[PDB]
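Below is one structure, written out as structure tokens; the observations come after it.
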Amino acid sequence: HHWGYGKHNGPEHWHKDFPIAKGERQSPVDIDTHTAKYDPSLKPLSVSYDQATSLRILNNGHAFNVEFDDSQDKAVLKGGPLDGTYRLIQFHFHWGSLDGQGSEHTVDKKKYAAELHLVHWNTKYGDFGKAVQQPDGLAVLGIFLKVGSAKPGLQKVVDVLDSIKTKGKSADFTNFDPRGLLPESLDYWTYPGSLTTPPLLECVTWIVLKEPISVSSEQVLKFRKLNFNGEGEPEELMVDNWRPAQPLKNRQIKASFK
Ligand SMILES: [Zn+2]
């Protein structure tokens with residue numbers, strides 16, 4: 001027994017093992033575009049992924065992560081509302097069983113087909129494990145996916161999914177360029193929050209891009225063929241691995257654009 005997205009162990013049950021689930025800065029949240037405050041003091045985002053070194057792709061039972069070498073400042077995120085350098089460690093997605101759901105954050109209550117999270121940790125803390133224990137330890141870049149035209153830069157990920165169908169399976173995944181997953185504009189919303197999966201630590205500075213990227217129905221369909229279960233166990237399709245919106249509470253969402 002453990003946490004998951006089922007009916008008996010889903011998000012509504014998490015608070016029993018992880019009390020922080022009912023915390024003051026939980027994520028995701030609904031972004032109300034008319035309540036969001038334009039902050040002219042926000043600097044443009046600085047994404048430097050030219051030297052990125054991807055290593056592996058893993059199905060961890062609740063999603064699939066594409067891991068990167070974070071032993072040096074290769075792929076970093078700076079600027080925006082951040083102070084210091086944040087290193088890319090991995091990226092993963094959240095998706096639904098239908099195109100009408102899948103994203104964790106919503107915009108004016110609108111749900112997207114999926115949501116991409118590029119996770120980075122503040123280098124002043126030494127390692128990822130120490131970073132999560134700090135209020136400014138992580139910076140997560142969130143990108144919405146809508147169904148439409150295919151995204152060429154996403155196909156390499158899609159094609160390797162059959163090799164990591166079940167929990168615990170991993171595959172060599174080198175030379176992948178995450179720049180192919182970025183939208184044209186880097187306009188964003190930002191607010192203080194947390195990880196959206198246990199341990200739900202409140203150590204994240206969220207940076208959600210306004211512009212979604214388009215992926216084809218065939219691409220997102222291949223995500224839905226993954227399994228929550230491990231090999232040799234009853235097959236449970238990996239779908240609807242998203243946490244619903246949490247109360248905003250004493251927080252303000254800021255926008256880098258008007
Ligand atoms: Zn995530």
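Order determines the names: the first chain of the structure tokens is A, the second B, and so forth; residues in each chain are numbered 1 upward, and ligands are numbered 1 upward as they are shown.
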
Using only C-alpha atoms and all ligand atoms, determine which residues fall within 8 Å of ligand 1, then list them as an MDAnalysis selection string.
chainID A and resid 91:94 115:117 195:197

Got a sec: who's within 8 Å of residue 245 (chain A), counting only C-alpha atoms, leaving out chain neighbours fewer than 2 positions off, as JSON, numbers by chain?
{"A": [27, 28, 29, 30, 104, 105, 106, 243, 247]}

Using only C-alpha atoms, which residue out of A:84, A:126, A:142, A:232 lies closest to residue 71 (chain A)?
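Nearest to residue 71 (chain A): A:126.
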
What's the 7 Å shell around residue 136 (chain A), counting only C-alpha atoms, without same-chain residues fewer than 5 positions away, as a PyMOL selection string?
chain A and resi 203-205

When you look at residue 59 (chain A) with a cut-off of 8 Å (counting only C-alpha atoms), what residues show up, excluding the ones that are within fewer than 5 positions of it in the same chain? I need them as a ChimeraX atom specification.
/A:64-65,164-170

Using only N, CA, C and O atoms, please write the residues we just selected to a file, as a compact mmCIF listing (two decimals), in the first residue's frame.
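And here's again03.txt as it stands now:
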```txt
# COMPACT_ATOMS: atom_id res chain seq x y z
N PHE A 64 6.80 9.46 -15.73
CA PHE A 64 8.08 9.07 -16.33
C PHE A 64 8.98 10.29 -16.32
O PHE A 64 8.58 11.37 -16.76
N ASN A 65 10.17 10.14 -15.76
CA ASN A 65 11.10 11.26 -15.68
C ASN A 65 12.23 11.11 -16.68
O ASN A 65 12.75 10.02 -16.86
N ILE A 164 9.71 1.45 -21.43
CA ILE A 164 9.61 1.69 -19.99
C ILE A 164 8.13 1.67 -19.59
O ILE A 164 7.68 2.51 -18.81
N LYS A 165 7.39 0.73 -20.17
CA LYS A 165 5.96 0.60 -19.93
C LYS A 165 5.55 0.48 -18.47
O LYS A 165 4.51 1.00 -18.07
N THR A 166 6.32 -0.27 -17.68
CA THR A 166 5.97 -0.51 -16.28
C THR A 166 6.90 0.11 -15.25
O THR A 166 8.04 0.47 -15.53
N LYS A 167 6.38 0.23 -14.03
CA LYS A 167 7.11 0.80 -12.90
C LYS A 167 8.47 0.14 -12.67
O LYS A 167 8.58 -1.08 -12.54
N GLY A 168 9.51 0.98 -12.57
CA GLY A 168 10.85 0.48 -12.31
C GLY A 168 11.69 0.34 -13.56
O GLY A 168 12.92 0.22 -13.46
N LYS A 169 11.06 0.34 -14.72
CA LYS A 169 11.80 0.21 -15.97
C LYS A 169 12.47 1.52 -16.33
O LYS A 169 11.88 2.60 -16.19
N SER A 170 13.70 1.43 -16.83
CA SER A 170 14.45 2.61 -17.24
C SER A 170 15.16 2.29 -18.55
O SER A 170 15.40 1.13 -18.88
```
